[PDB]
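Peer 1: Residue 1 is where the sequence shown starts when you use PDB author numbering, and the numbers rise one by one after that.
Using N, Cα and C, we set each Cβ at its ideal position, and we do this for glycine too.
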Amino acid sequence: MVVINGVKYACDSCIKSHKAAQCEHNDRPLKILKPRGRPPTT
Ligand SMILES: [Zn+2]
Numbered sequence: 001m002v003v004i005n006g007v008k009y010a011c012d013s014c015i016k017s018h019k020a021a022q023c024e025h026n027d028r029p030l031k032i033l034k035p036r037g038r039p040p041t042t
């Protein structure tokens, strides 16, 4: 996975899987993520 400033990211084959724990792939579409969030309502 990758992180910038205070943002997180990883391949769709990790962030969606779990390997993101230490993703280091190249190909494949990347994505972003953060330390939990949750909706404002539901
Ligand atoms: Zn990956």
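DSSP three-state call for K19: helix, strand or coil?
Peer 2: Position 19 of the sequence shown, counted from the first residue, corresponds to residue 19. DSSP places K19 in helix when its eight states are reduced to three.
Peer 1: Could you give the DSSP three-state label for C11: helix, strand or coil?
Peer 2: Numbered from its first residue, the sequence shown carries residue 11 at position 11. In this structure, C11 counts as strand in the three-state DSSP scheme.
Peer 1: Who sits around ligand 1, taking every residue whose Cβ is closer than 7 Å to one of its heavy atoms?
Peer 2: Those satisfying the condition are, in chain order, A10, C11, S13, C14, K19, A20, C23, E24, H25 and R28.
Peer 1: CA-CA distance, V3 and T42?
Peer 2: Translated into positions along the sequence shown, residue 3 becomes position 3. Translated into positions along the sequence shown, residue 42 becomes position 42. Cα-Cα distance, rounded: 27 Å.
Peer 1: Do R28 and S13 have their beta-carbon atoms positioned less than 8 Å apart in this structure?
Peer 2: Here residue 13 is taken as the residue at index 13 of the sequence shown, counted from 1. Here residue 28 is taken as the residue at index 28 of the sequence shown, counted from 1. Yes.
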